[PDB]
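1. I would like the atomic coordinates for the input below:
(4 chains, ligands or ions: 2)
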Amino acid sequence: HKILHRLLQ
Amino acid sequence: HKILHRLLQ
Amino acid sequence: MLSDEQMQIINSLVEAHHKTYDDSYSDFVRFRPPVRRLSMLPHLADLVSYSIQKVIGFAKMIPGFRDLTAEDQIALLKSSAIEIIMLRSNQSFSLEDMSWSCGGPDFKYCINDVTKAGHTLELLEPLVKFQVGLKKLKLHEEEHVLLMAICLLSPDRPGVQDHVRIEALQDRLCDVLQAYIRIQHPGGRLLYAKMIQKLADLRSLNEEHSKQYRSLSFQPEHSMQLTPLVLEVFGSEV
Amino acid sequence: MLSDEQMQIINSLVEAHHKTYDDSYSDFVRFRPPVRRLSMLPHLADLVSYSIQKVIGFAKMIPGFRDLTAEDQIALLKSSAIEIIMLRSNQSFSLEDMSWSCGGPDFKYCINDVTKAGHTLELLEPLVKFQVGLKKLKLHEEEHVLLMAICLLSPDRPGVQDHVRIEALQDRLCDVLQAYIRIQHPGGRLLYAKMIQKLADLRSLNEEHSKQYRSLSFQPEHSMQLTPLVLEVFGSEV
Ligand SMILES: C[C@H](CCC(=O)O)[C@H]1CC[C@H]2[C@@H]3CC[C@@H]4C[C@H](CC(C)(C)O)CC[C@]4(C)[C@H]3CC[C@]12C
Ligand SMILES: C[C@H](CCC(=O)O)[C@H]1CC[C@H]2[C@@H]3CC[C@@H]4C[C@H](CC(C)(C)O)CC[C@]4(C)[C@H]3CC[C@]12C
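-> Residues are numbered from 1 along each chain as shown, chains lettered A, B, ... in the order given. Ligands and ions are numbered 1, 2, ... in the order given. Have a look at this structure:
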C-alpha cells in the first residue's frame, strides 16, 4: 500500500 | 499486465 | 455540562475539518474536466481521489487515530473512505437543487451527471435519499464532524486487529456526541438515534458501491480511467 | 523500383499513422490542465498516457506485429513506447519556437514547461537536440512512419523470445526504407545512415528516462500523479 503508508507519514 | 492485454485485444 | 477534555475533542475535530474541506472548491479546476456512458468518470474519479486525500488528512488529526498501528489506520480507511466522502459532501448538497453545488456551473452534479461515471441508479437512488435525510436533520457542524470521526473509528470493519483500542476511542466520541445534543442542541431528543441510523444507512451504500466498483475494475478499459490512489484504497489488497 | 508487396507495407503503415495521430490535438482539452517543481506533471503524465494508447494502436496495424505472441507484443511495447513517443512528436516540434506546438497556446511546451514534470535537463537537453536533428533531416512521411515501425520491431530488447520472427520483420522494413530513399528521396545518399543513428540516439534517451522515472516512482507523492497505464508500461513487471 505504497501511497497510503506515504500519506500517513 | 491487465490493461496491455486488454488494449491488444 | 461538558468536560474540558470532551471539548478539546470537539475543538480538534472541528479544526481538523476546515483544514481538509475547502469551501471554495478552488482545486476542482485541476481535475480532468467534466463531460456531459462513462463520460464524466474521468472527472468524478479525480474528484473522489482528491476526497480520499482530504479524508486521510482528517483521520490523522482525530485524537488517537495517529496512535494506532499502520495496519489498522490503513484498514479503517480502506473500509470507511467511501462512507466519509458521502458523509462530508452533505455540506455542498442542496435540497433546493437535489444536486451537489461546488462553485460551478461546471461543478454542479445532477443525477444525470453522476449516472455517467459507470454506476447504476441502484446506488444513486439510496445515496440521494441519504443526502436529503441527512440534510433534513440540520446537524450542527460539531455534530457533523463527530459523526465523521465516529464512522471512521468503527471496529466492526474487516482487517482490524486492535478492536479494544479503537472501540475505546469510538465510545469516547459517542459520549461526546450524546452530551453535545443534550446541552447544545434544542429539541435533539431523537437526534442521536437518527444519526446512528445514518451510520447503518452508510453501510448499505458502501456494500453497493463496493459491489459496482468490482464490475468497473474487471473492465480494464474503465479501470485505467481511475487514479492510482483510488486503485489502492478501493483495491482488495491486505 | 519498389515491389508491390513493399508498397503495401508503406501504405498500411501510413494508414496506421493518420488513424493514431490527430493533427487537431482536440483531445488535449480532456487532460488535467497545465500549470506554469512538479507542476505540469499531471498534464504531461496524461499526455504521455494518451500517447501510449496511440502507439499501441499503431503497433497493432504494423503488418505482422499482431501475429506475435502477447508476451512479445507487450515486451516490445514496454521497452520502445517512450522512444516512439519522442519519435512521433517530431511532427509537432517547431524549429522556429524550439517547442512542441499542439494547438495552444495552452498546449505550447517550452523547455520551462517540460522541466516541471519531475525530469532534469540531463534528459531534456539531449531530447531537444534530438528533435532538431530529426527535424533537419526533413524526412518524408513514408520515411518517418517506417522509422517508427523499425524502432518498435527491434529484437535487442529485454524480454523478447522470438528473436527470429521480429528480426525478419524488422529487416523487411529496412529494405523497404532503403529502397524508398533510393527511388523517392532526391539526395538521400546519406539518409538511411543518419536515421539509423537516430535509433541509437533514441536508446540513450530511453535509458536516461528509465533512470529518472525510477526516482519519480520511488516517491509515492509523485507516483500517485501518474496514470494506471503509465505505471504498467514503465513499470518493471514481467
Ligand atoms: C460530488 C460529491 C462530492 C461533493 C463534495 O465533496 O462536496 C461526490 C461525493 C459522493 C460521490 C459519489 C460516490 C459514489 C461513486 C464513486 C465513484 C468513484 C469510482 C472510483 C468510479 O467508484 C464515482 C461516482 C459516485 C457515484 C460518486 C459521485 C460523486 C459524489 C456524489
Ligand atoms: C509534448 C511532447 C508530445 C507532443 C506530440 O505528441 O505531438 C512529449 C513527447 C516526449 C515527451 C517527453 C518524454 C519524456 C518525459 C516523459 C514524462 C512522463 C513520466 C511518466 C513523468 O516519466 C513527462 C516529461 C517528459 C520529459 C515528456 C514531456 C512531454 C513530451 C516532450
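
2. and residue 9, what element?
-> Since you didn't name a chain, this refers to chain A. Secondary structure from DSSP states H and E places residue A:9 outside every helix and strand.

3. To clarify, I was referring to chain C.
-> helix C:4-18.

4. What count of nearby residues applies to the residue in chain A positioned nearest to chain D?
-> Residue nearest to chain D within chain A: residue A:6 (3.8 Å; C-beta to the nearest C-beta). Using the backbone N, CA and C atoms, a C-beta is placed for each residue, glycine as well. Number of residues near residue A:6 (other C-beta atoms under 10 Å in any protein chain shown) recorded here: 13.

5. Assign a three-state SS to it, would you?
-> helix (DSSP: H, G, I helix; E, B strand; the rest coil).

6. sorry, back to before: buried residues of the helix holding residue C:9, list them for me.
-> C:6, C:9-10, C:13, C:16-17 (16 or more other C-beta atoms under 10 Å in any protein chain shown).

7. Next one: residue C:26 from residue D:40, what distance?
-> To residue D:40, residue C:26 is 19 Å away according to C-beta to C-beta, to the nearest Å.

8. Equivalent analysis for residue C:115, please.
-> 33 Å.

9. Comparing the two, which residue is more hemmed in?
-> Set residue C:115 next to residue D:40 and count neighbours by other C-beta under 10 Å: residue D:40 wins out with 22 against 15.

10. how about the more buried one, what does it touch?
-> Residue D:40 is in contact with D:34, D:113-114, D:116-117, counting by C-beta atoms under 8 Å, 6 or more residues apart in numbering or on different chains.

11. can you do 10 Å?
-> By C-beta atoms under 10 Å, 6 or more residues apart in numbering or on different chains, the residues touching residue D:40 are D:32-34, D:47, D:109, D:112-118.

12. Can you add distance to chain A and secondary structure and give those residues back as CSV?
-> Compiled in CSV, those are given as follows (distance: C-beta to the nearest C-beta, whole Å; DSSP: H, G, I helix; E, B strand; the rest coil):
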residue, distance to chain A, secondary structure
D:32, 17, coil
D:33, 23, coil
D:34, 24, coil
D:47, 22, helix
D:109, 28, strand
D:112, 28, helix
D:113, 26, helix
D:114, 25, helix
D:115, 24, coil
D:116, 21, coil
D:117, 19, coil
D:118, 16, coil
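
13. Write out the residues of chain C neighbouring ligand 1.
-> Residues of chain C lying close to ligand 1 (C-beta under 6 Å from any ligand atom) are C:41, C:44-45, C:47-48, C:51, C:85-86, C:88-89, C:92, C:100, C:102, C:109, C:114, C:117-119, C:209, C:213, C:216, C:226, C:230.

14. Drop anything exposed from those.
-> C:41, C:44-45, C:47-48, C:51, C:85-86, C:88-89, C:92, C:100, C:102, C:109, C:114, C:117-119, C:209, C:213, C:216, C:226, C:230.

15. quick one: which of those residues sit in strands?
-> C:100, C:109 (DSSP state E).

16. residues in contact with the helix holding residue C:9?
-> With C-beta under 10 Å, 6+ apart as the criterion, helix C:4-18 contacts C:1-3, C:54, C:57-65, C:88, C:91, C:141-146, C:148-149, C:169, C:172-173, C:175-177, C:179-180, C:184.

17. try it again with 6 Å
-> Outside helix C:4-18, the residues that touch it by C-beta atoms under 6 Å, 6 or more residues apart in numbering or on different chains are C:58, C:61, C:63, C:142, C:145, C:149, C:176.

18. phi, psi of the closest residue to residue C:39 other than its chain neighbours?
-> Of all residues not flanking residue C:39 in the chain, residue C:116 sits nearest, at 4.9 Å (C-beta to C-beta, 6 or more residues apart in numbering or on different chains). Dihedral pair for residue C:116: phi -90, psi 0, per degrees, to the nearest 10.
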